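Protein chains: 2
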Amino acid sequence: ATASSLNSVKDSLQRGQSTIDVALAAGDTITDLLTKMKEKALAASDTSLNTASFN
Amino acid sequence: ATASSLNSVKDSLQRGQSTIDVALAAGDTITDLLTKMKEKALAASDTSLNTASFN
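Protein chains in written order, with PDB author numbering: chain B, 56 to 110; chain C, 56 to 110.
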């Protein structure tokens, strides 16, 4: 009964790994977007741009 | 007469053996359903399941 009981534990573990995989797949996009936002704020910090490039 | 009386005793013992056999034949099914019920309770305990899987 214990040996047959372990299959649900294995299923829950694979389900948790799949959920973490989806989380990392979203985190890749979130990280590249944060990097592009840092690049935009860094370029915008400069005072040599005119108003149009700032907007 | 005492020797002849024992045939009824053997009949009662065989009757009890048959009744216990029927009880064990039902207990096989009862234990199997109990094991599957334990597996369902294990799967239901997980917090990562959606409402339809729990239902």
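Virtual Cβ for every residue (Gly too), placed ideally from N, Cα, C.
#### Entry: Alpha-carbon to alpha-carbon, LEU97(C) and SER73(C)
37 Å
### Message
In this structure, how does DSSP classify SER103(B) when only helix, strand and coil are distinguished?
### Response
coil
### Query
Is there a Cβ from chain C that is less than 9 Å from the Cβ of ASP76(B)?
no
### Query
Distance, Cα to Cα, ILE75(B) vs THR57(B)?
28 Å
### Query
Is the CB of residue 111(B) under 9 Å away from at least one CB in chain C?
Summary: the structure shown does not reach residue 111(B), with chain B confined to residues 56 through 110, and so no result is reported for it.
### Query
Got a sec: does the ligand NAD put a non-hydrogen atom nearer than 8 Å to the Cβ of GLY71(B)?
In terms of ligand content, the structure shown is empty, and the ligand NAD therefore cannot be addressed.
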